[PDB]
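Presented below, as structure tokens, is a lone chain in the form deposited without this ligand.
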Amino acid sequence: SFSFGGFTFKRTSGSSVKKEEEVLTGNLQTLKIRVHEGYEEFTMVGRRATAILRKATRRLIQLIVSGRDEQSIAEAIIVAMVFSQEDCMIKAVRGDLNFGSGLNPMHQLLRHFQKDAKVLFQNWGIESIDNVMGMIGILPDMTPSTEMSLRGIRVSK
């Protein structure tokens, strides 16, 4: 169990080791980040939202988020997208990432997208979805949809 972005993450299956890696942001800043390598499954519980997360090396496999309102659901999605370490998120950064107490690089990334996530969501990718009991899609602009969704993401009740 650990905490990230105001969410408690508890690992329900799988595992990971960490390898340092250099990466190039969409503002062309180089960062050394600790990459988690492994298939892992988690629950996330924040103050206003809950989720199930399955991921692998720099890849979000599935996120099912349950939340109180649009605002809360969004915050959960942003934390799980940054936590995924996917390169479309790395490449969505605009402006430099300063400092820093307080802030290893994953937190810097998070603080950046928490100030504004529009570009993160635009660039993530969408997919058509099927009908699944208790599950609905969320579009890049955060409105609901039965036909499409942000890739890997679904909203529960």
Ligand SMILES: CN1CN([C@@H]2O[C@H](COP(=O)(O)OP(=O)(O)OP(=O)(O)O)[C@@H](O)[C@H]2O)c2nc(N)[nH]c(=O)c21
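Residues carry their position along the shown sequence, with the first being 1.
Quick note: we don't show the form solved in complex with this ligand, though the next part is all about it.
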item	value
Clash verdict for this ligand in the entry with it bound, overlaid onto the shown chain (3 or more atoms within 2.4 angstroms of backbone or C-beta)	open
Any non-hydrogen atom of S145 within 4.5 angstroms of this ligand in the entry with it bound	no
4.5 Å heavy atom contact, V45 and this ligand in the entry with it bound	no
4.5 Å heavy atom contact, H112 to this ligand in the entry with it bound	no
Any non-hydrogen atom of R68 within 4.5 angstroms of this ligand in the entry with it bound	no
In the entry with it bound, the one of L31, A117, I129, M106 near this ligand [non-hydrogen atom within 4.5 angstroms]	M106
Candidate stretches 117-125, 23-31, 60-68, 98-106 - the one whose heavy atoms come within 4.5 Å of this ligand in the entry with it bound	98-106
Heavy atom contacts to this ligand in the entry with it bound at 4.5 Å, residues of 40-75 in sequence order	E40, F42, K55
